[PDB]
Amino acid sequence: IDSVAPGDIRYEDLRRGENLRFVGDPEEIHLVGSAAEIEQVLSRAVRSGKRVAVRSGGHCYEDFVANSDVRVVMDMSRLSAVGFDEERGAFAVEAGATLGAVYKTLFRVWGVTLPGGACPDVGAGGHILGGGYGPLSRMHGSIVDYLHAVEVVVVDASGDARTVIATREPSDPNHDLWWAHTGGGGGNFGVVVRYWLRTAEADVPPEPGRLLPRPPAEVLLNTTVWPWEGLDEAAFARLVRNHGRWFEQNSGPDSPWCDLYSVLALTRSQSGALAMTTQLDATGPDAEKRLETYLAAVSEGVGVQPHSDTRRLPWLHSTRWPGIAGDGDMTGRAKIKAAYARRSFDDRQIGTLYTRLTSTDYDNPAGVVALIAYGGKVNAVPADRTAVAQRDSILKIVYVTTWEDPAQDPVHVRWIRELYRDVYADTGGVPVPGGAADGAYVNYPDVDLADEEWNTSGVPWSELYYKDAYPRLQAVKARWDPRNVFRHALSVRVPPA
């Protein structure tokens, strides 16, 4: 029974993704099992004038799928296969495959991986389309740097749906559709059924073991914690400055430090502690000494000795450690905002962070600003080659608040909005590209970047996410979704006519 309507025991679960702020009201949720099922659902919906959306992993930070207008959901749960497609010479990942399944299959069967996200529950469907990256991206780039081809169901001007395959081959007639899938974002062009991935290096023999990167066999994992109790602004500032300068220096595509990843968590002082998690390739005989060099750089002159715990773990095991994977808790309510950083925070922004993290004004105790190591081999790719236009940044910066009370959304949304606006005040409240920031990342969507009350930079949401990729995305949208069947706040949208 592949349709799910209100009253079905499965409806409460399947009307929602993993973000509990958003409750969808679809008349039907179809657990589709093939391209031909997809074309059937889509043609019927479009002929009937009913708004659609696709869910794969359900990790959307915004209401793109659960939007109250959506009448028909295609849930990709039954399309979760991962394997090696011999007839194409590439690995096939169905849109509903979670990253935990992708990594366990690729690694235990073939000893390879993709430099995708940290959370194992994330789905391929939304993740790859949006420019997925994670712990191994400094070493191996974005997951879209391995996208060889995609199979997507698109809707004609007429309203009927059809299946097409689009590839990286420059002569492929649907090549621009392939390109839009290398960061163009979910819910914009059509329903991805499966992605085909392999290295784009030309010299490589046609063997699965050789067609995607080997991860390090073992890694060093460190946890470092500084108590907040003895920590003044000057100490907080030196720590952020140290960390920022180190990433400014050691993030180039040819840096030996491409094999290091870290997340520095600037937590609310109510939490008791600031913390950092670091992962280093443990292969080379000097790995421990190098890890200590980074850790000593971050703490240098801070005046607060951190607690530090380092363990060596075999690689696949390390991917499920919550220190890297996150804690798995998708209950409660969260608001995410984010930005690219080309350079580290200036002293005035650090002052804003310290005030906002120590203020008793609010008591958002779960609030955090996380600085995620980025760049390295991501930045070897020309900015125009894929739809991930940010190819010279050093960090992704994620601002988070979480809470429990369903009646208290406004105070929590306000806190994070004020914090982000204030950090980015001098560029109209938003991370404007091409300066200290490089705009925003579409898999951390934030409707506020299109809101005139929060964005006073004169730069539209579409340029913050996509920079100069946007006009090429709009040309793909005009060709491939002429009816604008696939849309949401922050969806690629052709120019007004």
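Don't overthink the numbering: it's just position in the shown sequence, from 1.
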### Check: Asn250 without coordinates in a third or more of other entries
no
### Message
Does at least a third of the other compared PDB entries (those resolving both flanking residues) leave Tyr362 without coordinates?
### Response
yes
### Summary
Looking only at C-alpha temperature factors in the entry, 432-440 or 38-46, the higher average sits in 38-46
### Task
Look up the CA B-factors in the entry and say which stretch, 321-329 or 133-141, has the higher mean.
321-329
### Task
Could you check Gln390, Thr402, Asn222, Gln349 and tell me which one carries the biggest Cα B-factor in the deposited entry?
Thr402
### Message
Comparing recorded Cα B-factors across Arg343, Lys104, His181, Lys337, which one is largest?
### Response
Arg343
### Task
Please rank the C-alpha B-factors of the chain's modelled residues and tell me whether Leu313 sits in the lowest, middle or highest third.
middle
#### Entry: Assigned third (lowest, middle, highest) for the C-alpha B factor of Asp69
highest
### Summary
In terms of its chain's C-alpha B-factors, the third that includes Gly57 is the lowest
### Task
Sort the modelled residues of this chain by their C-alpha B factor and say whether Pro115 lands in the lowest, middle or highest third.
lowest
### Message
Can you tell me whether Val152 has a C-alpha B-factor in the lowest, middle or highest third compared with the other modelled residues of the same chain?
### Response
lowest
